[PDB]
């Protein structure tokens, strides 16, 4: 049942972006509003290197099998940093509670989304070569550095990138739902 799968997937993705947006805003206003952390955020996301559509026309040009697999790569690439974000934050004695709760929820919801996505692909494209090639995040030393300013800035960029990527995953899932289920007559 494609329609129930897509519907649940889109619920999770739009909710993950919500939580990520709110986490970043609470981090920003509370830890970094006091400097050019925005200037440091430029070009620094681990999924930058992927070939992602940047406008509607590019999205329409993508074949659907590659588009689904793209969403799946992006989500598989976030497994690692979300794990470390939760682990690191949870292990502080004075952990920002509102921030920690969103991160834990995103970490869990991201797993549920990925399961949905895997179901969707095996329903729509049963043949797909199972072969992971998603980009590696390797930013843990910066999240761990003792220098507070470098540390807060590594957190800033991670959260800024998560807010971006969740928004992009949500939007691409919405394009695909409309394409596959409604022949683009949503």
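Numbering follows the first chain given and starts at 1.
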Mean CA temperature factor from the deposited coordinates, higher in 104 to 112 or in 85 to 93? 85 to 93
Can you let me know which of the two, 17 to 25 or 168 to 176, has the higher average C-alpha B-factor in the entry? 17 to 25
By the CA temperature factor listed in this entry, which of these ranks top: 136, 158, 133, 140? 133
Among 120, 59, 50, 154, the highest C-alpha B-factor in the PDB entry belongs to 50
Residue 1: C-alpha B-factor third of its chain, per the entry, is the highest
